[PDB]
């Protein structure tokens, strides 16, 4: 319901950046960088949910999902 | 199959047949007014109640 107080602690909003390689083909996998956006403390053992990676033309060129590796 | 559907993006109409809620809130008000006026009053008088003799002919 729209009127409800949700105070989460295990969820962080993140921005995902990636590089589209030359001659990229569908089904191929690429590395991504995940960066927190606001007042989050750590992303040490987090998991990235389904994220569509848009280009400059605002079209989906890849889908991102996996486990983050943070140095610590 | 309804095709690809974004997970975190806000639900927006994208194709023909999709629905959208319009909140009709119109409040338009225009007004104009003007006026003009002009007035002119003029009074003039001259009277010789008692005329001396040397001025009588005039």
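FYI the Cβ positions are ideal-geometry reconstructions off the backbone, even for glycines, and counts take in every protein chain you see. Bear in mind that the values in this text are calculations on the coordinates, not laboratory data.
Looking at residue B:54 and the list (1) assigned to a loop (DSSP other than H, G, I, E, B); (2) exposed (fewer than 10 other Cβ atoms within 10 Å of the Cβ), which single condition is not satisfied?
(1)
Right, residue A:63: surrounded by 10 or more Cβ atoms within 10 Å (Cβ to Cβ), within 14 Å of chain B (Cβ to nearest Cβ) and without any contact (Cβ under 8 Å) to a residue 60 or more places away in the chain or not?
yes
Taking residue B:22, is it away from chain A (no Cβ under 14 Å), closer than 30 Å to residue A:60 by Cβ, surrounded by fewer than 10 Cβ atoms within 10 Å (Cβ to Cβ) and within 43 Å of the chain's Cα centre (by Cα)?
yes
Among the residues that make up the stretch B:28-35, is at least one of them in contact with a strand residue (DSSP E or B) (Cβ under 9 Å, 6 or more places away or on another chain), on the phi < 0 side of the Ramachandran plot and loosely packed, with under 10 Cβ neighbours inside 10 Å?
We begin by selecting, within the stretch B:28-35, every residue in contact with a strand residue (DSSP E or B) (Cβ under 9 Å, 6 or more places away or on another chain); these are none.
The answer is no, given that none of the residues of the stretch B:28-35 is in contact with a strand residue (DSSP E or B) (Cβ under 9 Å, 6 or more places away or on another chain), on the phi < 0 side of the Ramachandran plot and loosely packed, with under 10 Cβ neighbours inside 10 Å.
Would you call residue A:69 in contact (Cβ under 8 Å) with a residue 12 or more places away in the chain and either more than 14 Å from every other protein chain (Cβ to nearest Cβ) or under 27 Å from residue B:4 (Cα atoms) (or both)?
no
Of the residues in the stretch A:16-60, how many are within 13 Å of chain B (Cβ to nearest Cβ) and part of a loop (DSSP other than H, G, I, E, B)?
Residues that pass the stated criteria total 3.
Hey, residue B:3 hits all of (1) within 14 Å of chain A (Cβ to nearest Cβ); (2) surrounded by 10 or more Cβ atoms within 10 Å (Cβ to Cβ) but one; which does it fall short on?
(2)
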